[PDB]
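J.:
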């Protein structure tokens, strides 16, 4: 359970980062469409 | 918990909708390949 | 719970398979860029 | 063609992940009912 | 264009799924607090 | 190129979300065992 909490925290941060990056990339691909 | 149940319900509906829209767009993109 | 357990297993395997083939397709798409 | 195929792959994974999520929700609901 | 739009679609689905996951985590933590 | 990069980003997010799901499943099984 102690390890569980560690991993939950770690993957949650990773996902937030990936979503962030994807958001930036979406904007740039959207820009590029023009 | 009362609020949890409401949020679960709300996000489940949204996901369902997003998946549906993606399914539609997938089929559009597929026909365009021809 | 016995059925829950069966479905958890079934969906977990499917997901692993889909992720696998997405990874293969990603490699392919990357090569094609050159 | 490869990109569209990949998009099909990703959508399918998202769909399967959603089913798993619904299963976890069911499980949590069973447990809280036994408790609270 | 349709491809980029599909990417938006998929990303939004992943975002929504993340909200759901976070909620399941909350629930599991509540239960664990009680049931232990 | 931007599209292929974006697909990688999405795939990685899906993979990380799968790890989260697997963790929620473990948690539920632990509680279920102690609660029943």
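Residue numbers (the working numbering), protein chains in the order written: chain F, 246 to 279; chain B, 246 to 279; chain P, 246 to 279; chain Z, 10 to 45; chain R, 10 to 45; chain X, 10 to 45.
Note that the Cβ used here is the ideal one computed from N, Cα and C, for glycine as well.
(1) Just checking: is the beta-carbon of residue 20 of chain X within a distance shorter than 7 Å of some beta-carbon in chain P?
(2) Would you be able to state if there are at least three C-beta pairs under 8 Å between the segment 258 to 267 of chain P and the segment 29 to 45 of chain R?
(3) Does the Cβ-Cβ distance between residue 279 of chain P and residue 10 of chain X come in under 7 Å?
(4) Among the candidates R:13, R:22, R:31, whose CA atom is the shortest distance from the CA of residue 256 of chain F?
(5) So, does the CB of residue 40 of chain Z fall closer than 7 Å to a CB anywhere in chain R?
(6) Cβ of residue 260 of chain B within 7 Å of Cβ of residue 25 of chain R?
(7) Could you name the residues of the same chain whose beta carbon sits closer than 6 Å to that of residue 276 of chain F, not counting the 5 residues immediately before and after it, in chain order?
(8) Under 7 Å, Cβ to Cβ, is there at least one residue of chain Z near residue 15 of chain R?
T.: Well, looking at it:
(1) yes
(2) no
(3) no
(4) R:31
(5) yes
(6) yes
(7) none
(8) yes
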